[PDB]
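Below is one structure, written out as structure tokens; comments come after it.
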Amino acid sequence: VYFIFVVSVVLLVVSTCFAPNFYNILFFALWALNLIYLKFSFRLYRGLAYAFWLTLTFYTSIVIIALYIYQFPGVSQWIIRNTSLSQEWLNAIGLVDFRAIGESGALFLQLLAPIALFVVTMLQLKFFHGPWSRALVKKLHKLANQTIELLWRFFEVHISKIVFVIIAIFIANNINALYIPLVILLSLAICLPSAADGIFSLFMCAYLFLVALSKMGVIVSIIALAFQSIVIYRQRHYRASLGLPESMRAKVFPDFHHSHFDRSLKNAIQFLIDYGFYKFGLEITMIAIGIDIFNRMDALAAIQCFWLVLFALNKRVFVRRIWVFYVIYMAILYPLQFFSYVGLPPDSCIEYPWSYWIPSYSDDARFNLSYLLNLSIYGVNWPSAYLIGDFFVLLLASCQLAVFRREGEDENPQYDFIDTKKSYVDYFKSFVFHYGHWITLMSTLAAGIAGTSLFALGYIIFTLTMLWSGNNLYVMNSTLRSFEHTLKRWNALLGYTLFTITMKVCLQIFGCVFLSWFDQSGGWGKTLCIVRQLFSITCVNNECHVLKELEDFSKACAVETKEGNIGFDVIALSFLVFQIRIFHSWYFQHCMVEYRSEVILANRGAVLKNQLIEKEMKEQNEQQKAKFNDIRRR
Amino acid sequence: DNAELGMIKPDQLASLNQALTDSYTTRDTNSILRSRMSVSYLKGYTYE
């Protein structure tokens, strides 16, 4: 069943484990066409089975006999004289006399390897093509089968997504000419559904082939998408083997009836995250963009800065369609962003008029500005964080976009549930949710206090005023003030966080702009300093230079050099907006109302119970000391 | 007391100590650590 895989390895290995030559690059090409034909279809599988039957083997054998007869002395010169072939072209062919070099150890390697591949491929051809093309040890076997099935299910779920990531860190690592027409088609792949998955994948196999031919790590990608097509075919084959429907079902098997997830631990565990479906997409993308803001810290990120603001201050059903525009407004930004990134791979001879528009300030400032607007500059070496961040947010947006296309939605907290008071997993989740509105939501605000800013004082005063009033507010259910209070919270801990994070990029670009706007004698910028002691200040990015005058001004200004919002602002915003779309409905309202009655209750009732029980304790300890004195005495 | 082998006036020590601190640059932290170590070493000896 799997010695075809052992074969695979060998052909590729022999062709690829020595200096390249015509024989070697011809075999590589034949391997690539074999993989492409497998990608084309499974009747093409049957046809390639017919293939091995007639090819590569005869070409491997005739090449072996040709090199063997060439290895003889004397016949080399005779052939050279007859065919008028140059020695350099013969070396490019690969047909070189090894005895004249004296390296006898070279001969036996390619006298044992092609013969071994020949014999193993005949053994495979005459054996495998029949049956393969026709189609508490016991407890340990059952467990192994169960794990195999589970990992196969997870693979067919999430190998389609993996082929995107394993192909993008490669292009992110190395960028050249032979990658420009690839990535654009990549941008044309996820932006379209699976209906063209068979075609666009072929578009991959056609191009990464040619670039390899341009050479004279990529093979990891080749085996990656080959394995993707392999599991695509094998899942259908397995389904047809057991008389199962051939439809590609997104849901593997409803074990805990989705919403019956509560079931228990391993019971929820899965759809707990498997049906993450909604939770996943929405909240995690609002977090992917947030973590992307740190990875970028440039003006290109300022455009997407407000697109999340467009989502966070309106209901989901209110801006349902505009976000469909948003997911395509980034599906086309990645391609021309990369197009600019490359620009001219080896070199060229042409100028830039943006620099010409700019004149009379400083040379360092235009470099910093060009870095911030993120467009091309000759010879600048860029990191790979931006590409990965944009790639991850694009995938999350596309997933959530498929969610929205699957189904959408057509005066109060609409959604509601039922009670059973706790359940291990929920016991845990319910217990942490009861206190989540107090410490989990506000520890991030405490981090904001640690954020050492004047806007941090803005957090400070608000949270200090909120700690006294909101506690009594929630536990009493103010009539005709629930929605009013929650809108107050919206403007309070949701509006302020985004409102103070929106400048976190343009204030630093202001600090990075045309060198100086602050440093002379008398009386202007000591008060333009009192504000620049905390407003514009760090303008921090790990690529910049300064001149002497701004070097002295910064020496005078004494900036701490740590103000990036990654530490305390984004991880607070993300928690707040992970909460916003969840606690506005569901059990929250149930528990919120559970907070009011209990007041009257334990307020005037267990108080007398408590005084009474303390006197009761007194009585028992009293009697025990009486008894011990008696007994000591007795 | 003679010029050939003389002591160090507090003026020169103060000037050198002031010079030690200002050689850094705002961004680099290695300069911060270097100035810290150098001033700590220098201040361990009195003018005597």
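Following Swiss-Prot, chain A residues are numbered 636-770, 807-887, 937-1130, 1145-1368, in order.
Looking at the header, which is where the method is noted, we find electron microscopy, 3.5 Å.
Cβ from N, Cα, C; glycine included.
The N-linked glycosylation site feature in Swiss-Prot is assigned to A:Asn816 (among others); the stated evidence is sequence analysis. According to its DSSP assignment, A:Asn816 (N-linked glycosylation site) is helical.
On its own chain, A:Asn1088 (N-linked glycosylation site) has A:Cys1246, A:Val1247, A:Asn1275, A:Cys1278, A:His1279 as residues at least 6 apart in sequence with a Cβ closer than 8 Å to its own Cβ. A:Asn1088 (N-linked glycosylation site) carries a helical DSSP state (H, G or I). Residues or ranges marked as N-linked glycosylation site in Swiss-Prot (evidence: sequence analysis): A:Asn1088 (among others).
Remark: A:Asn1094 (N-linked glycosylation site) has A:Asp1018, A:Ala1019, A:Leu1020, A:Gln1057, A:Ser1060, A:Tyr1106 as non-local neighbours, by Cβ distance under 8 Å and separation of at least 6 in sequence. According to DSSP, A:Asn1094 (N-linked glycosylation site) is assigned to coil rather than to any helix or strand. Per Swiss-Prot, the feature N-linked glycosylation site maps to A:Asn1094 (among others); the stated evidence is sequence analysis.
Look at Swiss-Prot and you will find A:678-683 (among others) tagged as topological domain 'Extracellular'.
Sequence-distant neighbours of the topological domain 'Cytoplasmic' (A:705-739) (same chain, 6+ residues past either end, Cβ-Cβ under 8 Å): 656-659. What Swiss-Prot records for A:705-739 (among others) is topological domain 'Cytoplasmic', and it gives a curator's inference as the kind of evidence.
Long-range contacts of the topological domain 'Cytoplasmic' (A:854-874) within its own chain (CB-CB distance under 8 A, at least 6 residues past either end) are made by residues 671, 674-675, 835, 838-839, 842, 945, 948-949, 968, 1048, 1051-1052, 1054-1055, 1058-1059, 1114-1115, 1118, 1122. Taken from Swiss-Prot, the feature topological domain 'Cytoplasmic' covers A:854-874 (among others).
The annotation topological domain 'Cytoplasmic' is assigned in Swiss-Prot to A:953-990 (among others).
As annotated by Swiss-Prot, topological domain 'Cytoplasmic' applies to A:1034-1041 (among others), with the evidence given as a curator's inference. Long-range contacts of the topological domain 'Cytoplasmic' (A:1034-1041) within the same chain: residues 1002, 1124, 1128-1129, 1315, each at least 6 residues beyond the stretch ends and with a Cβ under 8 Å from a Cβ of the stretch.
What Swiss-Prot records for A:1063-1096 (among others) is topological domain 'Extracellular'. Long-range Cβ contacts of the topological domain 'Extracellular' (A:1063-1096) within its own chain (Cβ-Cβ under 8 Å, at least 6 residues beyond either end) map to 846-848, 851, 1018-1020, 1057, 1106, 1243, 1246-1249, 1275, 1277-1281.
Feature annotation from Swiss-Prot assigns topological domain 'Extracellular' to A:1182-1187 (among others). Here the topological domain 'Extracellular' (A:1182-1187) has, by DSSP, the following mix of helix, strand and coil residues: 3 helix, 0 strand, 3 coil.
With a cut-off of 8 Å between Cβ atoms, the residues of this chain six or more beyond the topological domain 'Cytoplasmic' (A:1211-1231) that come close are 1032-1033, 1175, 1179, 1182, 1192-1193, 1196, 1200, 1204, 1303, 1306-1307, 1310-1311, 1314, 1318, 1326-1327, 1329-1330. Look at Swiss-Prot and you will find A:1211-1231 (among others) tagged as topological domain 'Cytoplasmic', backed by a curator's inference.
Residues annotated as topological domain 'Extracellular' in Swiss-Prot, with a curator's inference given as evidence: A:1253-1299 (among others).
Same-chain neighbours of the transmembrane segment (A:657-677): 646-647, 649-651, 683, 686, 690-691, 694, 698, 727-729, 869, 872-873, 876-877, 880, 883-884, 887, 942, 945-946, 949, 953, counting only residues six or more beyond its ends whose CB sits under 8 Å from a CB of the stretch. As annotated by Swiss-Prot, transmembrane segment applies to A:657-677 (among others), with the evidence given as sequence analysis.
Sequence annotations record features per position, and here Swiss-Prot assigns transmembrane segment to A:684-704 (among others) based on sequence analysis. Counting same-chain residues at least six beyond the ends of the transmembrane segment (A:684-704), those with a Cβ under 8 angstroms from any Cβ of the stretch are 646, 658, 661-662, 665, 669, 672, 710, 730, 745, 749-750, 752-753, 756-757, 759-760, 764, 768.
Marked as transmembrane segment by Swiss-Prot on the basis of sequence analysis: A:740-760 (among others).
Marked as transmembrane segment by Swiss-Prot: A:833-853 (among others). Only residues 6 or more beyond the boundaries of the transmembrane segment (A:833-853), in the same chain, are considered here, and those with a CB under 8 A from a CB of the stretch are 860-861, 875, 878-879, 881-882, 885, 937-938, 940-941, 944-945, 948, 1058-1059, 1061-1062, 1065-1066, 1104, 1107-1108, 1111, 1115.
Residues 669, 672, 768, 953 of the same chain lie 6 or more positions beyond the ends of the topological domain 'Extracellular' (A:678-683) yet place their CB under 8 Å from a CB of it.
Note on A:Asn816 (N-linked glycosylation site): other Cβ atoms within 10 Å of its Cβ, all shown chains, come to 10. Counted with DSSP, the topological domain 'Extracellular' (A:1253-1299) comes out as 16 helix, 0 strand, 31 coil. In summary, the transmembrane segment (A:1161-1181) does not lie against the transmembrane segment (A:1013-1033): fewer than three C-beta pairs, each 6 or more positions apart in sequence, are under 8 Å.
Counting C-beta pairs under 8 angstroms (sequence separation of 6 or more), the transmembrane segment (A:1300-1320) fails to reach the transmembrane segment (A:1188-1210), with fewer than 3 such pairs.
Put simply, of A:740-760, A:1013-1033, A:1097-1117, A:1188-1210, the stretch with the most CB pairs closer than 8 A to the transmembrane segment (A:1042-1062) is A:1097-1117.
Of the candidate ranges A:991-1011, A:1013-1033, A:1097-1117, A:1188-1210, A:1013-1033 contributes the most Cβ pairs within a distance under 8 Å of the transmembrane segment (A:1232-1252).
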